[PDB]
Amino acid sequence: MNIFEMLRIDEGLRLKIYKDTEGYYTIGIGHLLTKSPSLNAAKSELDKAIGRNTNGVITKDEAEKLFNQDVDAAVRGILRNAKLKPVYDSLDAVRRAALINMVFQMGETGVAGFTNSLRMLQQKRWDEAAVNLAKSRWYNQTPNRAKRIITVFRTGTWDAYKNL
Ligand SMILES: [Cl-]
Ligand SMILES: [Cl-]
Ligand SMILES: [K+]
């Protein structure tokens, strides 16, 4: 298991524009196109991202290309964030993947707002961090996924993704 395989499981792979769990146009492996309700606006974003005039459909290789970019961007964002960097640096590789997953799903900003949870993770207070993480709109809106992420921060293992 690794961050790519983990997010491939959480996000799935769809080659045609679809709406994410929040109702936003997206494509590939969780690549958010826009928050706009205009499908045309979404298609415009898709073409700019791929570099060609698409028919709202991309190839697997193109989906993977955007995914690679997206994962790198999430890591990059963590490293640039004063609230997230310290926590990330304090973690082991498995838990770091859990944090990257959260940032890919919610954005740097979103994650940096989990102040209390972040502090517990940095203190290595696993069970308490787990309980705190669950007290969120994130957990309530995407409970199955949140539960997997929380178990990885709790245990430092990939067991939650075993058999998916
Ligand atoms: Cl992009
Ligand atoms: Cl979920
Ligand atoms: K998705």
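Just so it is clear: in the sequence shown, position 113 is 113 by PDB author numbering, and no numbers are missing. From the three backbone atoms N, C-alpha and C, an ideal C-beta is built for every residue, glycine too.
- At a cut-off of 3 residues, the continuous stretches assigned as beta strand (DSSP E) that sit fully inside the region 20–45 are 25–28.
- Within 7 Å of the C-beta of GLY23 there is not a single heavy atom belonging to ligand 3.
- With 16 or more other Cβ atoms from the protein chains shown falling within 10 Å of its own Cβ, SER117 counts as buried.
- No heavy atom of ligand 2 is found nearer than 7 Å to the CB of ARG8.
- The region 12–23 and the region 106–114 do not touch, with fewer than 3 CB-CB distances between them shorter than 8 Å.
- When distances are taken from the beta-carbon of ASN140 to the heavy atoms of ligand 2, even the shortest one reaches 7 Å or more.
- For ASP61, the closest of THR157, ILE27, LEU121 and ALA134 by C-alpha to C-alpha distance is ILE27.
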